[PDB]
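*Asks:* Quick one, what's the 3D model for this:
(chains A, B, C, D and E)
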Amino acid sequence: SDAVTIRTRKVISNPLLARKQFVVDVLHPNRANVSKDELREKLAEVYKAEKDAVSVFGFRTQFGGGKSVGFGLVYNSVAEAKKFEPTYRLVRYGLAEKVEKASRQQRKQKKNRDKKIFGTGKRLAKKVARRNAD
Amino acid sequence: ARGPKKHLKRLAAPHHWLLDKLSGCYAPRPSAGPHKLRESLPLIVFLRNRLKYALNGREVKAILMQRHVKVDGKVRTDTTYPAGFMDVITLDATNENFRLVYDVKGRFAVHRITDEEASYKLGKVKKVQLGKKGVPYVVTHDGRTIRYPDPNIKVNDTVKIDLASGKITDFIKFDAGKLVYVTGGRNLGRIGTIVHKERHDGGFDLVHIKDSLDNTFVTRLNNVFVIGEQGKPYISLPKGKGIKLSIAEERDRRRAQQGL
Amino acid sequence: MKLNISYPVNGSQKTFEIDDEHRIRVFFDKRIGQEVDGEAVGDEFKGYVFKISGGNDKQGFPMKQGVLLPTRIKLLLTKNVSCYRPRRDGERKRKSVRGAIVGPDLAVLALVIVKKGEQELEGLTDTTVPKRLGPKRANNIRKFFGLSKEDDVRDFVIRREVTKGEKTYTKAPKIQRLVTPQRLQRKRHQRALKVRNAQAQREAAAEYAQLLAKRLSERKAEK
RNA sequence: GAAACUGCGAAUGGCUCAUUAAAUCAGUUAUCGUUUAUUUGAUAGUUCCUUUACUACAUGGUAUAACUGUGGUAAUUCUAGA
RNA sequence: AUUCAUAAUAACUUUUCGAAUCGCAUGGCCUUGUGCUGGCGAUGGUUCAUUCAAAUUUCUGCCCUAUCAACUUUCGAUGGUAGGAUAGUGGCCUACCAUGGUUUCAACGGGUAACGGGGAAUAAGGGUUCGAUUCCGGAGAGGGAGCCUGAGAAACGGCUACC
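*Replies:* Residues are numbered from 1 along each chain as shown, chains lettered A, B, ... in the order given. You can find the structure just below:
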């Protein structure tokens, strides 16, 4: 609210990935450590992508407040924003969701016992059902 | 011991890669070499060391699989493919056609070419002899062996090749008065163009080498590599121009070329 | 001793109980598959030529024919024996089995039938068994119906049917060895390769002979 | 596509210093004294001796897995006959 | 620097080798029919080079002790020849023949709280003492020994035997 002046340095287009690479300059007096998701709105007004079509990470503020530096990456489309982008950040900005995985005990405890069986696991399951308990 | 070691780690690397140590890890191991030794260049170092487009290793993995980046007309659709000497690199749309040459200090370049001249290599022929079914065979820098050459090129020349068929087009000789672009040693690649050579027979052989700076220095024969006659040059010559001008004046000219 | 009765004609199997503690003394001192007359057993069985096909015991040891010892023995078994199904790629290995002469060490005897009998076709040919997997090969069709081959296979493709998803899945083994191009279109290009390929370097020694005839005439004009 | 055969990996990594005084190891040579899985580059029209009952190449044979249904031992990545 | 690479002879081979495989597009031409062409991948195989390698391999350099002066040779020591065996030269093993090889410029034996090196700590010059360990290379997977698979294991998150 004090001439936040979101500026860029080192703008490079990478058209084989169809993207613009840049940094996020900000001078923000008496408003410190600005945001993440608010800035993806204002960064649209150089390419008019969307409200949510720009990837960005960084924003380490510098000693004293007032300024920060991030590293942002804007593509053309959301349909391009599923293809060459940080998937954890695709989880982050509301694009993707939680993806469930076994905690690494019960992945390696899932597949070890399944390694020491041989069939698909109903031949012997009939035999235990036939004998003990017989 | 027991089999080929496929893991090397950084701080064992061929330092002309210029990889730091705070990431400092298992290095990108090259694939099996197409051309020559581990003085080569993998792909996934080059895309995020000096060309500076790749960010994540999965993202540069998400480039070469879609037949995007092309080398020698081919694509070489696996990841850590090595790079020879004066290798052409055909790019995609926006047409940033590249070429590797080495600087005055052994490091590479940030070099870009046009599609003109981007259809031939220069290969260090080293083993030309005749094989079975009577054919004389020739070898190249990349080992792209080519059938039925022009007989009597010589040994240890360079040839202008096709890179769509085998078909060397124009050879060149190697005598007193050429232009030489050496690679290998502390002082690789200024130019020397000749001043003398000798016999030295059996141990090595030496080539006396002198640029326009007019100091002369001596280099063993396996490193020298001509790219033309006096005032020839075949290729798009880089911007450091191959001089290795000395330690003080480069600081003195950067004291001047920044325009204070 | 237990009566696992099986049947090599189309199929039947179930394991039965025992009494004949003295007629199992017909069974022994031959390994497997030779002969047991049904009349040598009690005459609940007749018209049955019992050949015997192994079994188990206390300790669960199976039977392998490299015996001639009426107890267990531990042995080096590598490839084609009953065990090692495979494992870590050699892996010789060592386990223990019994083979020959049958005693009351045993628990089960796998009796299997040569001759069909008259009386008890309720555990041999009660019902014809629905063997599950048919022919997968197109070669496994034309003499499977004896077609005297010209009858143009894909005639009798088994579609197996359950319309629980309303569309009944209509599936069938997808035979290999189906003789159409692109078997032949691939076959033709390999027939077309060394037409177009081998002549191309044959028309490279030809040009080699041309411009080097004059080149080896030039220094033959050395004077 | 659950398995399961078939193919490559499991010989690299990670750990430790016990043995080991021309031994390893550092530099330095050599392979005209040798073998190579792959990466790359090129490279086989002739295979028929019935070389004229080749007999099918407009395309052959068996030998089997998961699976079905039958088992033992108390157990083990234990295995059998059909 | 070659008996090299190569070519041809005169023959041999439990014959090694040269497709009985899959995905997209669906073509061209009329001799309209499995007439005939008919693209690109994904594999895989004979040789020859490149890399990854792996094996040996010559030159110099290895702390302390003569209260260790001779050490080796039928249980190979040192050579030659001939054969085997290796992936490959050679005492690497065998048959025969010869009597050698190292050594007060410190052999041999013994000690090492001795894995070697790049490297540390100390700091006028010259040093002294470390370096098991962020890298390179060697060895080992309780102790020895032998092993089938595999291009590559004397593998040990492979196996057999003895303690």
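*Asks:* where do the strands sit along the chain?
*Replies:* In the absence of a named chain, chain A is used. Applying DSSP state E to chain A gives strands spanning A:12-14, A:19-27, A:54-61, A:67-75.
*Asks:* Actually, chain C is the one I wanted.
*Replies:* Using DSSP E, strands in chain C cover C:3-6, C:13-16, C:36-37, C:49-57, C:72-76, C:94-98, C:106-113.
*Asks:* What is the longest one packed up against?
*Replies:* By that I understand strand C:49-57. strand C:36-37, strand C:106-113 (3 or more CB pairs under 8 Å, 6 or more residues apart in numbering or on different chains; DSSP states H and E). Yep, even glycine has a C-beta here, placed from its N, CA and C like the rest.
*Asks:* got the angle for it vs strand C:72-76?
*Replies:* 80 degrees (axes from the mean of the first three to the mean of the last three CA atoms, to 10 degrees).
*Asks:* Check which residues of strand C:49-57 are buried.
*Replies:* C:50, C:51, C:52, C:54, C:55, C:56, C:57 (16 or more other CB atoms under 10 Å in any protein chain shown).
*Asks:* Which of those residues sits closest to residue B:88?
*Replies:* Proximity of these to residue B:88 (CB to CB) peaks at residue C:54, which lies at 69.8 Å.
*Asks:* Which residues does the spatially closest residue to the closest one that is not a sequence neighbour form beta bridges with?
*Replies:* Nearest non-adjacent residue to residue C:54, counting by CB to CB, 6 or more residues apart in numbering or on different chains: residue C:63, 4.3 Å away. Judged by DSSP bridges, the bridge partners of residue C:63 are residue C:98.
*Asks:* Check the gap between residue C:63 and residue B:172 for me.
*Replies:* Note on residue C:63: its distance to residue B:172, by CB to CB, to the nearest Å, is 80 Å.
*Asks:* of those two, who's got more company?
*Replies:* residue C:63 (22 against 19; other CB atoms under 10 Å in any protein chain shown).
*Asks:* Quick check: closest non-adjacent residue to residue A:51.
*Replies:* In space, residue A:51 is closest to residue A:41, 5.6 Å off (CB to CB, 6+ apart).
*Asks:* okay but the one you found is in contact with residue A:53, surely?
*Replies:* No. Applying CB atoms under 8 Å as the test, residue A:41 and residue A:53 come out as separate, 10.8 Å apart.
*Asks:* nearest to residue A:84, of the strands of chain C?
*Replies:* strand C:94-98 (55.0 Å).
*Asks:* tell me which residues in the closest one are buried?
*Replies:* Applying 16+ other CB under 10 Å to strand C:94-98 flags C:97, C:98 as buried.
*Asks:* Keeping just the C-alphas, turn it into CSV.
*Replies:* C-alpha atoms of strand C:94-98 as CSV (Å, rounded to 0.1, in the frame of the first residue of the first chain):
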residue,chain,number,x,y,z
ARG,C,94,20.3,-78.6,-0.7
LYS,C,95,17.0,-80.0,0.7
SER,C,96,15.9,-83.5,1.7
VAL,C,97,13.4,-86.0,0.2
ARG,C,98,12.5,-89.7,0.3
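*Asks:* just checking, what packs against it?
*Replies:* strand C:72-76.
*Asks:* Which strands or helices does the strand it packs on pack on?
*Replies:* Going by 3+ CB pairs under 8 Å, 6+ apart, strand C:72-76 lies up against strand C:94-98.
*Asks:* quick one: the strand it packs on near RNA strand D?
*Replies:* Yes. With CB under 7 Å from any atom of the strand as the measure, strand C:94-98 is seen reaching RNA strand D through residue C:95.
*Asks:* Between strand C:106-113 and that strand, find me the angle.
*Replies:* Using the same axes, to 10 degrees: strand C:94-98 against strand C:106-113 is 70 degrees.
*Asks:* mind checking how far strand C:94-98 is from the chain centre?
*Replies:* 25 Å (CA atoms, centre = their mean, to the nearest Å).
*Asks:* any idea which element residue B:79 lies in?
*Replies:* Here residue B:79, judged by DSSP states H and E, is contained in no helix and no strand.
*Asks:* Touching, it and residue B:63? I think so.
*Replies:* No. Using CB under 8 Å, residue B:79 is not in contact with residue B:63; the gap is 9.8 Å.
*Asks:* Give me the more crowded residue out of these two.
*Replies:* residue B:63 (20 against 16).
*Asks:* got the contact list for the more buried one?
*Replies:* The contact partners of residue B:63, by CB atoms under 8 Å, 6 or more residues apart in numbering or on different chains, come to A:16, A:17, B:47, B:54, B:69.
*Asks:* can you rerun that using 10 Å?
*Replies:* Contact analysis of residue B:63 by CB atoms under 10 Å, 6 or more residues apart in numbering or on different chains lists A:16, A:17, A:84, B:43, B:44, B:47, B:53, B:54, B:69, B:79, B:92.
*Asks:* ok, now how distant is residue B:210 from residue B:104?
*Replies:* 15 Å.
*Asks:* burial measure for the residue nearest to residue A:51, as a count.
*Replies:* Counted with other CB under 10 Å, residue A:41 comes out at 13.
*Asks:* tell me the contacts of it?
*Replies:* A:35, A:50, A:51, A:52, A:54 are the contacts of residue A:41 under CB under 10 Å, 6+ apart.
*Asks:* Then residue A:33?
*Replies:* A:26, A:59, A:60, A:61, A:65, A:68.
*Asks:* which one is residue 59 nearest to, not counting chain neighbours?
*Replies:* No chain was given, so I picked chain A. That would be residue A:70: by CB to CB, 6+ apart, it lies 4.2 Å from residue A:59.
*Asks:* sorry, should have said chain C
*Replies:* residue C:72 (7.2 Å).
*Asks:* Nearest to the spatial middle of chain A, which residue is it?
*Replies:* The residue lying closest to the centre of chain A (CA atoms, centre = their mean) is residue A:89, at 1.1 Å.
*Asks:* isn't that residue right up against residue A:40?
*Replies:* No. Under the criterion of CB atoms under 10 Å, residue A:89 is not in contact with residue A:40, lying 11.2 Å apart.
*Asks:* intersection of neighbour lists for these two?
*Replies:* Joint contacts of residue A:89 and residue A:40 (CB under 10 Å, 6+ apart) are A:55, A:56.
*Asks:* residue contacts, the residue of chain A found nearest RNA strand D?
*Replies:* Nearest to RNA strand D in chain A, going by CB to the nearest atom of the strand, is residue A:119, at a distance of 2.7 Å. Residue A:119 makes contact with residue A:125 under the criterion CB under 10 Å, 6+ apart.
*Asks:* Next, please give the residue ranges for the helices of the stretch 1-150 of chain B.
*Replies:* B:43-46, B:57-64 (DSSP state H, counting those that start in this stretch).
*Asks:* Could you list every helix and strand that the longest helix seen in chain C packs against?
*Replies:* The helix that spans the most residues within chain C, counting by DSSP state H, is helix C:198-218. Contact analysis of helix C:198-218 by 3 or more CB pairs under 10 Å, 6 or more residues apart in numbering or on different chains; DSSP states H and E lists strand B:146-147 as its packing neighbours.
*Asks:* and the residue nearest to residue C:45 when sequence neighbours are not counted, what does it touch?
*Replies:* Take residue C:45 and drop its neighbours on the chain: the residue closest to it by CB to CB, 6+ apart is residue C:38, 3.8 Å away. By CB under 10 Å, 6+ apart, the contact set of residue C:38 is C:44, C:45, C:46, C:47, C:48, C:49, C:50, C:113, C:115, C:117, C:119, C:120.
*Asks:* Ok, residue A:29 next?
*Replies:* Going by CB under 10 Å, 6+ apart, the list of residues near residue A:29 reads A:1, A:2, A:3, A:4, A:65, A:66, A:67.
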